[PDB]
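A.B. asks: What follows is query35.txt, made up of compact mmCIF, N, CA and C atoms:
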```
# COMPACT_ATOMS: atom_id res chain seq x y z
N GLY V 1 12.00 -32.45 20.27
CA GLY V 1 10.74 -31.93 19.69
C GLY V 1 9.60 -31.93 20.71
N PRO V 2 8.54 -31.15 20.47
CA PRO V 2 7.37 -31.05 21.35
C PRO V 2 6.47 -32.31 21.29
N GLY V 3 5.56 -32.43 22.26
CA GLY V 3 4.54 -33.49 22.34
C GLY V 3 3.22 -33.13 21.65
N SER V 4 2.24 -34.04 21.72
CA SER V 4 0.86 -33.87 21.21
C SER V 4 0.75 -33.53 19.71
N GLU V 5 1.73 -33.97 18.90
CA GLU V 5 1.91 -33.82 17.44
C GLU V 5 1.71 -32.42 16.82
N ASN V 6 0.50 -31.86 16.84
CA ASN V 6 0.17 -30.50 16.38
C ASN V 6 0.83 -29.41 17.25
N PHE V 7 1.01 -29.69 18.55
CA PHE V 7 1.57 -28.89 19.66
C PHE V 7 1.04 -27.45 19.90
N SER V 8 0.41 -26.80 18.92
CA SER V 8 -0.17 -25.46 19.01
C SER V 8 -1.58 -25.45 19.65
N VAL V 9 -2.14 -24.26 19.83
CA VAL V 9 -3.48 -23.98 20.38
C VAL V 9 -4.31 -23.03 19.48
N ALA V 10 -3.69 -22.48 18.42
CA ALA V 10 -4.27 -21.48 17.52
C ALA V 10 -3.80 -21.67 16.05
N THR V 11 -4.20 -20.75 15.17
CA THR V 11 -3.72 -20.60 13.79
C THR V 11 -3.48 -19.13 13.41
N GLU V 12 -2.95 -18.88 12.22
CA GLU V 12 -2.58 -17.54 11.69
C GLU V 12 -3.19 -17.22 10.30
N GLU V 13 -3.85 -18.20 9.67
CA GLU V 13 -4.53 -18.07 8.37
C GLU V 13 -5.81 -17.21 8.46
N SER V 14 -5.77 -16.01 7.87
CA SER V 14 -6.90 -15.06 7.82
C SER V 14 -8.11 -15.56 7.00
N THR V 15 -9.28 -14.98 7.25
CA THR V 15 -10.57 -15.30 6.59
C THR V 15 -11.34 -14.02 6.24
N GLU V 16 -11.23 -13.58 4.98
CA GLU V 16 -11.92 -12.40 4.42
C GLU V 16 -12.39 -12.64 2.96
N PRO V 17 -13.38 -11.89 2.43
CA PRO V 17 -13.92 -12.13 1.08
C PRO V 17 -13.03 -11.59 -0.06
N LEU V 18 -12.13 -10.64 0.22
CA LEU V 18 -11.22 -10.02 -0.76
C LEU V 18 -9.89 -10.80 -0.89
N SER V 19 -9.11 -10.51 -1.94
CA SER V 19 -7.73 -10.97 -2.15
C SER V 19 -6.82 -9.87 -2.72
N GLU V 20 -5.52 -10.15 -2.83
CA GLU V 20 -4.51 -9.23 -3.39
C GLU V 20 -4.86 -8.76 -4.82
N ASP V 21 -5.48 -9.63 -5.62
CA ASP V 21 -5.90 -9.34 -7.00
C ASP V 21 -6.96 -8.23 -7.08
N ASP V 22 -7.84 -8.10 -6.08
CA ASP V 22 -8.83 -7.02 -6.01
C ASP V 22 -8.18 -5.64 -5.84
N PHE V 23 -7.22 -5.52 -4.91
CA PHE V 23 -6.45 -4.29 -4.68
C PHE V 23 -5.55 -3.94 -5.87
N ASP V 24 -4.88 -4.93 -6.48
CA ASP V 24 -4.10 -4.76 -7.71
C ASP V 24 -4.95 -4.21 -8.87
N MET V 25 -6.14 -4.79 -9.09
CA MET V 25 -7.15 -4.30 -10.04
C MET V 25 -7.60 -2.86 -9.72
N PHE V 26 -7.89 -2.54 -8.46
CA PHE V 26 -8.24 -1.18 -8.03
C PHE V 26 -7.16 -0.16 -8.41
N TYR V 27 -5.89 -0.40 -8.04
CA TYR V 27 -4.77 0.50 -8.36
C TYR V 27 -4.45 0.58 -9.87
N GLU V 28 -4.63 -0.51 -10.64
CA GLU V 28 -4.49 -0.51 -12.10
C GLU V 28 -5.49 0.44 -12.78
N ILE V 29 -6.77 0.35 -12.41
CA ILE V 29 -7.84 1.23 -12.90
C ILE V 29 -7.71 2.66 -12.36
N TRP V 30 -7.25 2.85 -11.11
CA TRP V 30 -7.06 4.17 -10.48
C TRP V 30 -6.16 5.10 -11.31
N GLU V 31 -5.07 4.57 -11.88
CA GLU V 31 -4.11 5.29 -12.71
C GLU V 31 -4.72 5.92 -13.98
N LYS V 32 -5.88 5.42 -14.44
CA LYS V 32 -6.62 5.97 -15.59
C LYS V 32 -7.32 7.31 -15.29
N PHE V 33 -7.56 7.61 -14.01
CA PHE V 33 -8.22 8.84 -13.53
C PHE V 33 -7.30 9.74 -12.68
N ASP V 34 -6.26 9.17 -12.07
CA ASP V 34 -5.17 9.87 -11.37
C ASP V 34 -3.79 9.40 -11.89
N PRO V 35 -3.42 9.76 -13.13
CA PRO V 35 -2.11 9.42 -13.70
C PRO V 35 -0.97 10.22 -13.04
N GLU V 36 -1.29 11.33 -12.38
CA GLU V 36 -0.38 12.15 -11.57
C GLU V 36 -0.05 11.53 -10.19
N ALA V 37 -0.73 10.44 -9.81
CA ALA V 37 -0.59 9.72 -8.53
C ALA V 37 -0.79 10.61 -7.28
N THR V 38 -1.58 11.69 -7.38
CA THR V 38 -1.92 12.62 -6.29
C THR V 38 -2.72 12.00 -5.14
N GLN V 39 -3.31 10.82 -5.36
CA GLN V 39 -4.25 10.11 -4.48
C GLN V 39 -5.64 10.77 -4.39
N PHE V 40 -6.00 11.66 -5.32
CA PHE V 40 -7.34 12.29 -5.40
C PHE V 40 -7.97 12.19 -6.80
N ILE V 41 -9.30 12.15 -6.86
CA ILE V 41 -10.11 12.41 -8.07
C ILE V 41 -11.34 13.28 -7.73
N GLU V 42 -11.95 13.90 -8.74
CA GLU V 42 -13.19 14.69 -8.59
C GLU V 42 -14.44 13.79 -8.52
N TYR V 43 -15.49 14.25 -7.83
CA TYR V 43 -16.80 13.57 -7.79
C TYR V 43 -17.44 13.46 -9.19
N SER V 44 -17.09 14.39 -10.09
CA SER V 44 -17.49 14.42 -11.51
C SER V 44 -16.93 13.26 -12.36
N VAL V 45 -15.91 12.54 -11.88
CA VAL V 45 -15.32 11.35 -12.54
C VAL V 45 -15.33 10.10 -11.65
N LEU V 46 -15.72 10.22 -10.38
CA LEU V 46 -15.90 9.10 -9.44
C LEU V 46 -16.89 8.05 -9.97
N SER V 47 -17.93 8.47 -10.70
CA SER V 47 -18.94 7.60 -11.31
C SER V 47 -18.42 6.82 -12.52
N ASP V 48 -17.53 7.42 -13.30
CA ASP V 48 -16.77 6.74 -14.36
C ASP V 48 -15.74 5.76 -13.78
N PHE V 49 -15.00 6.14 -12.73
CA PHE V 49 -14.10 5.25 -11.99
C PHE V 49 -14.84 4.03 -11.40
N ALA V 50 -15.96 4.27 -10.70
CA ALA V 50 -16.84 3.23 -10.15
C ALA V 50 -17.32 2.21 -11.19
N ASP V 51 -17.55 2.64 -12.44
CA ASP V 51 -17.93 1.77 -13.57
C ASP V 51 -16.74 1.19 -14.36
N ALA V 52 -15.49 1.59 -14.08
CA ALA V 52 -14.31 1.13 -14.81
C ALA V 52 -13.66 -0.12 -14.18
N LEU V 53 -13.97 -0.39 -12.91
CA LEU V 53 -13.48 -1.52 -12.12
C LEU V 53 -14.11 -2.86 -12.57
N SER V 54 -13.46 -3.96 -12.19
CA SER V 54 -14.07 -5.30 -12.20
C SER V 54 -14.87 -5.53 -10.91
N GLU V 55 -15.82 -6.47 -10.95
CA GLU V 55 -16.50 -6.96 -9.74
C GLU V 55 -15.50 -7.61 -8.75
N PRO V 56 -15.73 -7.56 -7.42
CA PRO V 56 -16.88 -6.95 -6.74
C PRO V 56 -16.76 -5.43 -6.51
N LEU V 57 -15.58 -4.83 -6.69
CA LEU V 57 -15.34 -3.40 -6.40
C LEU V 57 -16.10 -2.44 -7.33
N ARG V 58 -16.51 -2.92 -8.50
CA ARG V 58 -17.43 -2.29 -9.46
C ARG V 58 -18.75 -1.86 -8.81
N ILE V 59 -19.24 -0.69 -9.24
CA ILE V 59 -20.64 -0.25 -9.12
C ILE V 59 -21.12 0.11 -10.53
N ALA V 60 -21.83 -0.80 -11.19
CA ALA V 60 -22.24 -0.67 -12.59
C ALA V 60 -23.10 0.57 -12.85
N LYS V 61 -22.73 1.37 -13.85
CA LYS V 61 -23.45 2.58 -14.29
C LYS V 61 -24.89 2.24 -14.76
N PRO V 62 -25.92 3.07 -14.44
CA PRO V 62 -25.88 4.29 -13.62
C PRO V 62 -25.65 3.99 -12.13
N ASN V 63 -24.67 4.69 -11.54
CA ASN V 63 -24.20 4.49 -10.15
C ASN V 63 -24.22 5.76 -9.28
N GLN V 64 -24.60 6.92 -9.84
CA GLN V 64 -24.63 8.20 -9.12
C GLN V 64 -25.50 8.17 -7.86
N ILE V 65 -26.66 7.50 -7.91
CA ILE V 65 -27.56 7.31 -6.77
C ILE V 65 -26.88 6.48 -5.66
N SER V 66 -26.17 5.41 -6.03
CA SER V 66 -25.38 4.59 -5.09
C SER V 66 -24.31 5.44 -4.39
N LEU V 67 -23.50 6.19 -5.15
CA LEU V 67 -22.48 7.11 -4.62
C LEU V 67 -23.08 8.18 -3.68
N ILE V 68 -24.23 8.77 -4.02
CA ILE V 68 -24.96 9.73 -3.18
C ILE V 68 -25.42 9.10 -1.85
N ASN V 69 -25.81 7.82 -1.86
CA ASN V 69 -26.22 7.07 -0.67
C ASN V 69 -25.04 6.53 0.19
N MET V 70 -23.80 6.50 -0.31
CA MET V 70 -22.61 6.21 0.49
C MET V 70 -22.28 7.38 1.44
N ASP V 71 -21.57 7.06 2.51
CA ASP V 71 -21.01 8.00 3.50
C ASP V 71 -19.64 8.61 3.08
N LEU V 72 -19.37 8.67 1.77
CA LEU V 72 -18.16 9.24 1.15
C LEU V 72 -17.85 10.67 1.68
N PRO V 73 -16.61 10.96 2.12
CA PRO V 73 -16.18 12.31 2.47
C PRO V 73 -15.88 13.16 1.22
N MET V 74 -15.44 14.41 1.44
CA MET V 74 -14.71 15.22 0.46
C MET V 74 -13.52 15.92 1.14
N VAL V 75 -12.44 16.16 0.39
CA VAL V 75 -11.21 16.83 0.89
C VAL V 75 -11.16 18.34 0.58
N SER V 76 -12.01 18.80 -0.33
CA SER V 76 -12.05 20.17 -0.89
C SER V 76 -13.46 20.75 -1.06
N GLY V 77 -14.50 19.91 -0.91
CA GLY V 77 -15.87 20.18 -1.38
C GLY V 77 -16.15 19.73 -2.82
N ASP V 78 -15.17 19.15 -3.54
CA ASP V 78 -15.36 18.58 -4.89
C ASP V 78 -14.48 17.36 -5.24
N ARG V 79 -13.46 17.02 -4.45
CA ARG V 79 -12.57 15.85 -4.61
C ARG V 79 -12.65 14.89 -3.42
N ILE V 80 -12.23 13.65 -3.65
CA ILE V 80 -12.25 12.53 -2.69
C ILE V 80 -10.91 11.77 -2.74
N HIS V 81 -10.46 11.29 -1.58
CA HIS V 81 -9.20 10.56 -1.40
C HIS V 81 -9.31 9.06 -1.76
N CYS V 82 -8.27 8.51 -2.40
CA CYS V 82 -8.14 7.14 -2.89
C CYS V 82 -8.56 6.06 -1.87
N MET V 83 -7.96 6.06 -0.67
CA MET V 83 -8.24 5.06 0.38
C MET V 83 -9.70 5.14 0.89
N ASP V 84 -10.29 6.33 0.94
CA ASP V 84 -11.66 6.53 1.41
C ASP V 84 -12.70 6.06 0.38
N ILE V 85 -12.41 6.24 -0.91
CA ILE V 85 -13.15 5.64 -2.03
C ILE V 85 -13.08 4.11 -1.94
N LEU V 86 -11.86 3.56 -1.84
CA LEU V 86 -11.61 2.11 -1.68
C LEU V 86 -12.43 1.53 -0.52
N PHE V 87 -12.33 2.12 0.68
CA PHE V 87 -13.11 1.75 1.86
C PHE V 87 -14.63 1.75 1.59
N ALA V 88 -15.19 2.85 1.07
CA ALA V 88 -16.61 2.93 0.74
C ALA V 88 -17.07 1.86 -0.28
N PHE V 89 -16.21 1.51 -1.25
CA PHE V 89 -16.48 0.48 -2.25
C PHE V 89 -16.38 -0.95 -1.70
N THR V 90 -15.46 -1.25 -0.77
CA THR V 90 -15.30 -2.58 -0.14
C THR V 90 -16.30 -2.83 0.99
N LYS V 91 -16.81 -1.78 1.66
CA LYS V 91 -17.81 -1.81 2.74
C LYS V 91 -19.04 -2.67 2.43
N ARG V 92 -19.52 -2.61 1.18
CA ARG V 92 -20.58 -3.47 0.60
C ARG V 92 -20.22 -4.97 0.69
N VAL V 93 -19.04 -5.33 0.17
CA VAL V 93 -18.49 -6.70 0.10
C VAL V 93 -18.24 -7.28 1.50
N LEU V 94 -17.70 -6.46 2.40
CA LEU V 94 -17.44 -6.78 3.80
C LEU V 94 -18.74 -6.90 4.65
N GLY V 95 -19.87 -6.39 4.17
CA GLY V 95 -21.18 -6.45 4.84
C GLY V 95 -21.35 -5.49 6.03
N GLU V 96 -20.48 -4.47 6.15
CA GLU V 96 -20.44 -3.52 7.27
C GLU V 96 -21.51 -2.42 7.13
N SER V 97 -22.75 -2.74 7.56
CA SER V 97 -23.94 -1.85 7.59
C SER V 97 -24.64 -1.89 8.96
```
Could I get this structure in the form of structure tokens?
C.D. replies:
Amino acid sequence: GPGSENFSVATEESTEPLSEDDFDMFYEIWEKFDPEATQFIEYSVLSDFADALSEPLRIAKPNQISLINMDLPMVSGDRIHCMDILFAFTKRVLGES
């Protein structure tokens, strides 16, 4: 066996504010607006989706002003992609401003 008891110089345990339960909750609520699993929704229902989540991924209604102030893309000029919505919603929690 090695010396100096602990024998290492580093660790592998990550440090972030989110958990697996946040992403599971996101995908559970996502299916209510994209039951076809296309990975897209319209901006006309993005505000209902934003209010359907649990905290912290929630943006409590009225939320249209918050969505307008995000750097959210569009894929068509009227729809948005699942991962890009997720990113814009977690950006607040992560403190990336």
A.B. asks: Write out as a PyMOL selection string which residues come within 6 Å of region 37-53 of chain V when counting only N, CA and C atoms, dropping same-chain ones fewer than 4 positions away.
C.D. replies: chain V and resi 57-61+63-64+78-82
A.B. asks: Any idea what the distance is between CA of residue 96 (chain V) and atom C of residue 31 (chain V)?
C.D. replies: 28.1 Å
A.B. asks: With a distance cut-off of 9 Å and only C-alpha atoms, select the neighbouring residues of residue 72 (chain V), excluding the residue or stretch itself and same-chain residues fewer than 3 positions from it, and output the selection as number ranges by chain.
C.D. replies: V: 67-69, 80, 84-85, 88
A.B. asks: Kindly indicate which residue among V:1, V:62, V:56, V:73 lies nearest to residue 91 (chain V), using only C-alpha atoms for the distances.
C.D. replies: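 Nearest to residue 91 (chain V): V:56.
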A.B. asks: For the structure I just gave you, how does DSSP split chain V - specifically, which residues are alpha helix (DSSP H)? Reply as an NGL selection string.
C.D. replies: :V and (20-30 or 43-52 or 64-69 or 82-94)
A.B. asks: Write down as a VMD selection string the residues belonging to chain V that are assigned strand (DSSP E) by DSSP computed on the backbone.
C.D. replies: chain V and resid 40 to 42 79 to 81
A.B. asks: Record the distance separating CA of residue 74 (chain V) and CA of residue 95 (chain V), expressed in Å with one decimal.
C.D. replies: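 One can read the CA of residue 74 (chain V) to CA of residue 95 (chain V) distance as 23.0 Å.
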A.B. asks: Which residue is closest to residue 26 (chain V)? Choose from V:54, V:4, V:66, V:11 and count only C-alpha atoms.
C.D. replies: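 Of all the options, V:54 lies closest to residue 26 (chain V).
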A.B. asks: Could you tell me how far CA of residue 10 (chain V) sits from CA of residue 92 (chain V), in Å to one decimal place?
C.D. replies: 29.6 Å
